[PDB]
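Asks: Next comes the structure file final28.pdb, holding PDB, C-alpha atoms.
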```pdb
ATOM      1  CA  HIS Z  89      -5.858 -29.701 -20.884
ATOM      2  CA  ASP Z  90      -3.150 -27.300 -22.014
ATOM      3  CA  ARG Z  91      -0.485 -29.967 -22.455
ATOM      4  CA  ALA Z  92      -2.838 -32.406 -24.165
ATOM      5  CA  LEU Z  93      -3.801 -29.919 -26.862
ATOM      6  CA  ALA Z  94      -0.203 -28.829 -27.398
ATOM      7  CA  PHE Z  95       0.933 -32.436 -27.719
ATOM      8  CA  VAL Z  96      -1.765 -32.985 -30.337
ATOM      9  CA  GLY Z  97      -0.470 -30.042 -32.341
ATOM     10  CA  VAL Z  98       3.022 -31.510 -32.455
ATOM     11  CA  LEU Z  99       1.728 -34.941 -33.420
ATOM     12  CA  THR Z 100      -0.300 -33.399 -36.237
ATOM     13  CA  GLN Z 101       2.265 -30.895 -37.486
ATOM     14  CA  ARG Z 102       4.093 -34.020 -38.558
ATOM     15  CA  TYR Z 103       2.113 -36.952 -39.930
ATOM     16  CA  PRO Z 104      -0.975 -35.267 -41.416
ATOM     17  CA  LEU Z 105      -4.061 -37.160 -40.340
ATOM     18  CA  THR Z 106      -5.543 -37.991 -43.737
ATOM     19  CA  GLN Z 107      -2.416 -39.975 -44.650
ATOM     20  CA  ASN Z 108      -1.883 -41.687 -41.303
ATOM     21  CA  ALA Z 109      -5.215 -42.432 -39.604
ATOM     22  CA  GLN Z 110      -4.910 -46.169 -40.258
ATOM     23  CA  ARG Z 111      -1.442 -46.628 -38.773
ATOM     24  CA  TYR Z 112      -0.945 -48.220 -35.366
ATOM     25  CA  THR Z 113       1.047 -46.393 -32.719
ATOM     26  CA  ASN Z 114       3.678 -48.206 -30.714
ATOM     27  CA  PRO Z 115       2.420 -47.956 -27.118
ATOM     28  CA  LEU Z 116       5.934 -47.990 -25.683
ATOM     29  CA  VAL Z 117       7.171 -45.184 -27.923
ATOM     30  CA  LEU Z 118       3.980 -43.204 -27.394
ATOM     31  CA  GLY Z 119       4.223 -43.478 -23.625
ATOM     32  CA  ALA Z 120       7.861 -42.424 -23.518
ATOM     33  CA  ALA Z 121       7.354 -39.573 -25.976
ATOM     34  CA  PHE Z 122       4.354 -38.165 -24.134
ATOM     35  CA  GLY Z 123       6.091 -38.472 -20.776
ATOM     36  CA  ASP Z 124       9.082 -36.462 -21.936
ATOM     37  CA  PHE Z 125       6.845 -33.824 -23.497
ATOM     38  CA  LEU Z 126       5.137 -32.676 -20.326
ATOM     39  CA  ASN Z 127       8.501 -33.013 -18.608
ATOM     40  CA  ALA Z 128       9.495 -30.120 -20.906
ATOM     41  CA  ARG Z 129      12.033 -32.305 -22.711
ATOM     42  CA  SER Z 130      12.435 -32.580 -26.475
ATOM     43  CA  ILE Z 131      10.837 -35.572 -28.168
ATOM     44  CA  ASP Z 132      12.012 -35.353 -31.765
ATOM     45  CA  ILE Z 133      13.905 -38.650 -31.597
ATOM     46  CA  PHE Z 134      10.711 -40.556 -30.822
ATOM     47  CA  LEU Z 135       8.506 -39.089 -33.547
ATOM     48  CA  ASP Z 136      10.433 -40.926 -36.251
ATOM     49  CA  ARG Z 137       9.310 -44.262 -34.798
ATOM     50  CA  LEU Z 138       5.775 -43.653 -33.589
ATOM     51  CA  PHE Z 139       4.224 -46.392 -35.736
ATOM     52  CA  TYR Z 140       4.721 -50.096 -36.319
ATOM     53  CA  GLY Z 141       3.146 -52.859 -38.356
ATOM     54  CA  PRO Z 142       1.592 -55.251 -35.857
ATOM     55  CA  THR Z 143       1.266 -58.031 -38.426
ATOM     56  CA  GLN Z 144       5.036 -58.035 -38.973
ATOM     57  CA  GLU Z 145       6.535 -57.512 -35.504
ATOM     58  CA  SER Z 146       5.837 -56.728 -31.863
ATOM     59  CA  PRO Z 147       6.020 -53.279 -30.272
ATOM     60  CA  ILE Z 148       9.266 -54.484 -28.703
ATOM     61  CA  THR Z 149      10.984 -55.912 -31.771
ATOM     62  CA  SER Z 150       9.992 -52.836 -33.756
ATOM     63  CA  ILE Z 151      12.170 -50.844 -31.360
ATOM     64  CA  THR Z 152      15.154 -53.198 -31.177
ATOM     65  CA  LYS Z 153      15.931 -52.233 -34.774
ATOM     66  CA  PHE Z 154      17.865 -49.290 -33.275
ATOM     67  CA  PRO Z 155      20.014 -50.781 -30.499
ATOM     68  CA  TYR Z 156      21.527 -47.763 -28.782
ATOM     69  CA  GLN Z 157      20.865 -45.278 -26.008
ATOM     70  CA  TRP Z 158      18.117 -43.174 -27.569
ATOM     71  CA  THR Z 159      17.996 -40.852 -24.575
ATOM     72  CA  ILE Z 160      19.121 -40.789 -20.974
ATOM     73  CA  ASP Z 161      15.889 -42.431 -19.781
ATOM     74  CA  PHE Z 162      15.273 -44.730 -22.757
ATOM     75  CA  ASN Z 163      18.015 -47.256 -23.504
ATOM     76  CA  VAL Z 164      17.497 -50.111 -25.963
ATOM     77  CA  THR Z 165      19.873 -52.977 -26.748
ATOM     78  CA  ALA Z 166      19.735 -55.571 -29.512
ATOM     79  CA  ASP Z 167      17.262 -57.591 -27.444
ATOM     80  CA  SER Z 168      15.847 -55.423 -24.665
ATOM     81  CA  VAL Z 169      14.626 -51.979 -23.638
ATOM     82  CA  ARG Z 170      15.160 -50.254 -20.295
ATOM     83  CA  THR Z 171      13.058 -47.368 -19.011
ATOM     84  CA  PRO Z 172      11.652 -46.125 -15.688
ATOM     85  CA  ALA Z 173       8.187 -47.346 -14.803
ATOM     86  CA  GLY Z 174       5.494 -44.714 -15.072
TER      87      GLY Z 174
ATOM     88  CA  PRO V 622      30.029 -54.691 -42.501
ATOM     89  CA  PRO V 623      26.749 -55.949 -43.962
ATOM     90  CA  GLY V 624      25.420 -52.405 -44.083
ATOM     91  CA  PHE V 625      28.368 -51.502 -46.278
ATOM     92  CA  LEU V 626      27.545 -54.516 -48.435
ATOM     93  CA  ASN V 627      23.904 -53.391 -48.649
ATOM     94  CA  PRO V 628      23.241 -49.729 -47.794
ATOM     95  CA  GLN V 629      19.507 -50.381 -47.477
ATOM     96  CA  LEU V 630      20.167 -51.738 -43.979
ATOM     97  CA  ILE V 631      20.772 -48.167 -42.756
ATOM     98  CA  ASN V 632      17.697 -46.130 -41.907
ATOM     99  CA  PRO V 633      17.854 -42.778 -43.731
ATOM    100  CA  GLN V 634      16.061 -40.804 -41.026
ATOM    101  CA  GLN V 635      18.290 -42.264 -38.323
ATOM    102  CA  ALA V 636      21.727 -42.211 -39.998
ATOM    103  CA  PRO V 637      21.427 -39.927 -43.030
ATOM    104  CA  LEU V 638      25.100 -39.108 -43.529
ATOM    105  CA  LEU V 639      26.278 -42.707 -43.287
ATOM    106  CA  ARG V 640      23.635 -43.945 -45.714
ATOM    107  CA  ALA V 641      24.520 -41.232 -48.208
ATOM    108  CA  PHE V 642      28.231 -41.930 -47.833
ATOM    109  CA  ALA V 643      27.778 -45.637 -48.514
ATOM    110  CA  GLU V 644      25.613 -44.973 -51.557
ATOM    111  CA  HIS V 645      28.130 -42.400 -52.761
ATOM    112  CA  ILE V 646      30.936 -44.945 -52.481
ATOM    113  CA  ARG V 647      28.992 -47.733 -54.168
ATOM    114  CA  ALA V 648      28.014 -45.391 -57.000
ATOM    115  CA  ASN V 649      31.208 -43.453 -57.708
ATOM    116  CA  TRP V 650      34.089 -45.796 -56.912
ATOM    117  CA  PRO V 651      35.782 -46.344 -60.282
ATOM    118  CA  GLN V 652      35.307 -49.421 -62.438
ATOM    119  CA  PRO V 653      38.504 -51.302 -63.320
ATOM    120  CA  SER V 654      39.379 -51.935 -66.944
ATOM    121  CA  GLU V 655      42.159 -53.493 -69.000
ATOM    122  CA  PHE V 656      44.305 -52.950 -72.069
ATOM    123  CA  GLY V 657      46.843 -54.818 -74.141
ATOM    124  CA  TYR V 658      50.589 -54.350 -74.307
ATOM    125  CA  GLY V 659      53.742 -55.922 -75.640
ATOM    126  CA  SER V 660      53.997 -57.687 -78.973
ATOM    127  CA  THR V 661      52.385 -60.889 -80.186
ATOM    128  CA  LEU V 662      55.798 -61.953 -81.512
ATOM    129  CA  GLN V 663      57.015 -62.621 -77.956
ATOM    130  CA  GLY V 664      56.092 -64.687 -74.942
ATOM    131  CA  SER V 665      53.537 -63.254 -72.574
ATOM    132  CA  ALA V 666      54.893 -64.141 -69.089
ATOM    133  CA  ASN V 667      51.431 -63.539 -67.614
ATOM    134  CA  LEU V 668      50.177 -66.015 -65.022
ATOM    135  CA  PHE V 669      46.580 -65.147 -64.117
ATOM    136  CA  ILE V 670      45.401 -62.376 -66.452
TER     137      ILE V 670
END
```
As structure tokens, how would this structure be written, given the file I've shared?
Replies:
Amino acid sequence: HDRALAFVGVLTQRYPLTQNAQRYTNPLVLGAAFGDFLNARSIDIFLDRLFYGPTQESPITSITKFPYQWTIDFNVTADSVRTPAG
Amino acid sequence: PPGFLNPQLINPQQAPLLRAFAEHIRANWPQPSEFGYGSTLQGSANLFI
């Protein structure tokens, strides 16, 4: 309950709700970002790419726009993403 | 590089400095010009220009 509320505060300090309620979150990015957060690891890199337009691409292809090692546990190539299973 | 050809291919939030640098180059690199010389009373010797 502590971590959940804190994570909400971060998500809302950026992206004010009234301007972003309609946007769709990328489940992959959301899962990775949340997992790092309660692992007491910084998550700033993920917040820039929390959303995606489902009518224009998949949650995968939305990520492959940035083909490089985002972080030590989240590595994405031009065609694929590697991460530990939750 | 295509990104150099079109700086819009570089995400600002992800690579700010590179995007700015490309736009700076594309905006401030000087424009070439031309001017005459010599005398019309003589041959030109120019090939392309």
Asks: Quick check, in Å to one decimal: how far apart do CA of residue 170 in chain Z and CA of residue 639 in chain V lie?
Replies: 26.6 Å
Asks: For the atom pair CA of residue 143 in chain Z and CA of residue 631 in chain V, what is the interatomic distance in Å to one decimal place?
Replies: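 CA of residue 631 in chain V lies at a distance of 22.3 Å from CA of residue 143 in chain Z.
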Asks: So which residues get picked by the PyMOL selection byres ((chain Z) within 9 of (chain V)) here, written as number ranges by chain?
Replies: Z: 133, 136, 154
Asks: Quick one: apply the PyMOL selection byres ((chain Z and resi 102-109) around 12) to the file and drop the selected residues here as a list in words.
Replies: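 That selection, the PyMOL selection byres ((chain Z and resi 102-109) around 12), comes back as residues 95, 96, 97, 98, 99, 100, 101, 110, 111, 112, 113, 132, 135, 136, 137, 138, 139 and 140 of chain Z.
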Asks: I need the residues from that last selection saved to file as a PDB file, in the frame of the given file (with C-alpha atoms), if you can.
Replies:
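Saved file result-v5.pdb follows:
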```pdb
ATOM      1  CA  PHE Z  95       0.933 -32.436 -27.719  1.00  0.00           C
ATOM      2  CA  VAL Z  96      -1.765 -32.985 -30.337  1.00  0.00           C
ATOM      3  CA  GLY Z  97      -0.470 -30.042 -32.341  1.00  0.00           C
ATOM      4  CA  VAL Z  98       3.022 -31.510 -32.455  1.00  0.00           C
ATOM      5  CA  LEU Z  99       1.728 -34.941 -33.420  1.00  0.00           C
ATOM      6  CA  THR Z 100      -0.300 -33.399 -36.237  1.00  0.00           C
ATOM      7  CA  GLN Z 101       2.265 -30.895 -37.486  1.00  0.00           C
ATOM      8  CA  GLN Z 110      -4.910 -46.169 -40.258  1.00  0.00           C
ATOM      9  CA  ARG Z 111      -1.442 -46.628 -38.773  1.00  0.00           C
ATOM     10  CA  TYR Z 112      -0.945 -48.220 -35.366  1.00  0.00           C
ATOM     11  CA  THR Z 113       1.047 -46.393 -32.719  1.00  0.00           C
ATOM     12  CA  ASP Z 132      12.012 -35.353 -31.765  1.00  0.00           C
ATOM     13  CA  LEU Z 135       8.506 -39.089 -33.547  1.00  0.00           C
ATOM     14  CA  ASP Z 136      10.433 -40.926 -36.251  1.00  0.00           C
ATOM     15  CA  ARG Z 137       9.310 -44.262 -34.798  1.00  0.00           C
ATOM     16  CA  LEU Z 138       5.775 -43.653 -33.589  1.00  0.00           C
ATOM     17  CA  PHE Z 139       4.224 -46.392 -35.736  1.00  0.00           C
ATOM     18  CA  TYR Z 140       4.721 -50.096 -36.319  1.00  0.00           C
TER      19      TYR Z 140
END
```
Asks: Rounded to one decimal, what separation in Å do you get between CA of residue 147 in chain Z and CA of residue 115 in chain Z?
Replies: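 Straight-line distance from CA of residue 147 in chain Z to CA of residue 115 in chain Z works out to 7.2 Å.
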Asks: Evaluate the PyMOL selection byres ((chain V and resi 625) around 12) and record the selected residues as a list in words, following the chain and residue labels used in the document.
Replies: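 With the PyMOL selection byres ((chain V and resi 625) around 12) on this model, the match is residues 622, 623, 624, 626, 627, 628, 629, 630, 631, 639, 640, 641, 642, 643, 644, 645, 646 and 647 of chain V.
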Asks: Residues near residue 172 in chain Z, anyone? I mean within 10 Å using only C-alpha atoms, not counting same-chain ones fewer than 5 positions away, as an MDAnalysis selection string.
Replies: chainID Z and resid 120 161:162
Asks: Padding of 8 Å on every side, edges along x, y and z, all listed atoms of range 639-656 of chain V included: what centre and edge lengths in Å, to one decimal, does that box have, as AutoDock Vina command-line options?
Replies:
```
--center_x 34.0 --center_y -47.4 --center_z -57.7 --size_x 36.7 --size_y 28.3 --size_z 44.8
```
Asks: Got a sec: who's within 10 Å of residue 148 in chain Z, counting all atoms listed in the file, leaving out chain neighbours fewer than 6 positions off, as an mmCIF file with C-alpha atoms, in the coordinates of the input?
Replies:
```cif
data_model
loop_
_atom_site.group_PDB
_atom_site.id
_atom_site.type_symbol
_atom_site.label_atom_id
_atom_site.label_comp_id
_atom_site.auth_asym_id
_atom_site.auth_seq_id
_atom_site.Cartn_x
_atom_site.Cartn_y
_atom_site.Cartn_z
ATOM 1 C CA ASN Z 114 3.678 -48.206 -30.714
ATOM 2 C CA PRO Z 115 2.420 -47.956 -27.118
ATOM 3 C CA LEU Z 116 5.934 -47.990 -25.683
ATOM 4 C CA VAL Z 117 7.171 -45.184 -27.923
ATOM 5 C CA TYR Z 140 4.721 -50.096 -36.319
ATOM 6 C CA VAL Z 164 17.497 -50.111 -25.963
ATOM 7 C CA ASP Z 167 17.262 -57.591 -27.444
ATOM 8 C CA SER Z 168 15.847 -55.423 -24.665
ATOM 9 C CA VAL Z 169 14.626 -51.979 -23.638
#
```
